[PDB]
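Working notes, structure below.
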Amino acid sequence: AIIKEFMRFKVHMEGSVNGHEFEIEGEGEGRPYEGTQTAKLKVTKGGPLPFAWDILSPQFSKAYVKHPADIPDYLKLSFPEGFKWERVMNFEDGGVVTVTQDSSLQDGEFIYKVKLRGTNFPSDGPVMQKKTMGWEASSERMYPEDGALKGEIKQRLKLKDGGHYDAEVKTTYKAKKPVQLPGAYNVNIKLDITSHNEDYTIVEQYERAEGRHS
Amino acid sequence: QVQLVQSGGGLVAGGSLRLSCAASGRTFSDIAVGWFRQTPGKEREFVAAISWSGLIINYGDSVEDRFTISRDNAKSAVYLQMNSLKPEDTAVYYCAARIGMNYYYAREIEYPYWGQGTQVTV
C-alpha cells in the first residue's frame with residue numbers, strides 16, 4: 001500500500017519565540033493504523049532554548065491516528081501527495097503560537113516541514129521560565145468546514161508548582177488532493193516526553209491517538 | 001498561475017475604505033494574500049497578510065487595531081478594511097499572493113504574484 005503498518009518520518013522546523021530564533025531536526029517512527037509513534041528531536045540552531053519545550057512538542061503527525069472503520073481517514077487518503085495544516089494556540093496569559101506545516105511522502109517515509117512563531121509570552125510566565133511539565137490528555141473535536149478538516153482543542157499544560165496552564169487551539173487540515181472528508185468526531189491524544197538531556201537540546205517524545213464517534 | 005485584480009480604491013480623515021483583491025487559477029484555499037504600500041516611495045512597507053486557512057493574520061505596525069484583513073473562499077477575494085484612516089496613510093496599496101503560507105510576510109520577493117495598484121488619498 002501507500003501507508004504501511006510501520007512508517008518512518010523526518011521533520012524539519014524553523015521557528016522563533018519572543019524573538020529567539022531556532023531550528024530543530026528530528027526523526028521518528030510509528031504504527032499509523034495503531035495510532036502510536038515516537039520521535040527524537042535535536043536543536044540544531046539557537047540552542048539551548050530560553051522557553052519551555054512543551055509549546056513545541058505538539059508540532060512534531062496525524063497520519064498516525066487509529067480510526068474506526070466507518071470514519072474516513074482523511075489524512076491517510078491524502079497520500080502519496082500529502083496535506084498541510086495551520087495551527088494557532090491562544091494561551092490563557094496572552095501568548096500566541098502560530099504554526100504552518102507541510103506533509104509529504106518521499107521514498108516510503110513521511111517528510112514534515114514546520115514553521116513556528118511564538119509571541120507575547122510574559123517574561124515571568126511559565127513558558128519563558130520552563131515551569132511546565134507536560135501536556136494532559138486532550139480531546140480534539142474534528143469537523144469538516146469549507147471543504148477542509150478542522151479541529152478545536154481545549155489543551156491544558158501541567159505546571160511544576162502543581163497548577164495548570166490552558167490554551168485554546170484551532171487547526172485546519174487540508175489535503176493537497178481532493179479526498180473524502182469525514183463527519184464530526186473526536187480524537188483522543190496523549191503526548192509524553194520520554195527522555196531529554198539537561199538543557200532540552202535532545203528530546204524524545206511518544207504519542208497515542210485514537211479516533212471515535214457515536 | 002494566480003492572477004490578481006485590485007478594487008475598492010478611492011479617496012477619504014478617519015474614514016473607511018474597503019480594499020479588495022480577486023484571484024483566479026489556483027484554488028483560493030491554497031493561496032496566501034499580502035498587502036504592501038508606498039506613498040511617494042519611502043520604502044514599500046508591510047500592511048497586512050492572511051494565511052490559506054484564515055487563522056494566521058500577521059499585521060504590520062501602524063495598521064494595528066486600525067486596519068483588519070479578512071478572506072472569503074466563496075467569493076475568492078480578500079478584503080482590507082481600513083478604519084480610522086490617518087493622513088499619513090495616503091499611499092498606493094498593492095495586493096500580493098503567496099502559495100504555501102509565508103513564515104516571513106514582509107518579504108515582497110517571497111510573494112511571487114503581484115497585482116496592479118490602487119491609490120488611497122486621505
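Using ideal geometry, Cβ is built from the backbone for each residue, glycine included, and neighbour counts are taken over all protein chains shown. Throughout, read-outs are computed from the coordinates displayed, never taken from laboratory work.
Structure data summary
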{"read-out": "Distance between the range A:46-65 and the range A:160-202 - C-alpha centres, whole angstrom", "value": "9"}
{"read-out": "Long-range HN-HN contacts of B:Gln38 with modeled amide H, under 5 Å", "value": "B:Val92"}
{"read-out": "Estimated D of the protein assembly as shown in µm² per second, where Rh is the Kirkwood radius over Cα pairs and Stokes-Einstein applies at 20 °C, 1.002 mPa s", "value": "101"}
{"read-out": "Table column - 3J(HN,Hα) (Hz), the range A:169-186, Karplus curve with 6.51, -1.76, 1.60, x for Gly and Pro", "value": "10, 10, 9, 10, 9, 9, 6, 5, 10, x, 10, 5, 7, x, x, 6, 7, 10"}
{"read-out": "Listed pairs A:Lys84/B:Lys75; A:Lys150/B:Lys42; A:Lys176/B:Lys42; A:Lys45/A:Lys150; A:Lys84/A:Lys190; A:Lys176/B:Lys86 exceeding 30 Å between Cα atoms", "value": "A:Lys150/B:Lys42; A:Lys176/B:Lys42; A:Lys45/A:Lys150; A:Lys176/B:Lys86"}
{"read-out": "HN-Hα J in Hz across the range A:205-214 - Karplus 6.51, -1.76, 1.60, θ = phi - 60°, x for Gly and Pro", "value": "10, 8, 9, 10, 10, 8, x, 7, 6, 5"}
{"read-out": "Rounded to whole Hz, the Karplus (6.51, -1.76, 1.60) HN-Hα couplings of the range A:75-87, x for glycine and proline", "value": "7, 7, 5, 5, 7, x, 6, x, 7, 10, 8, 10, 9"}
{"read-out": "Candidates per GluC sites (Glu not before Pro) in the range B:43-122, loop by DSSP, up to 16 other Cβ within 10 Å", "value": "B:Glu43, B:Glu64"}
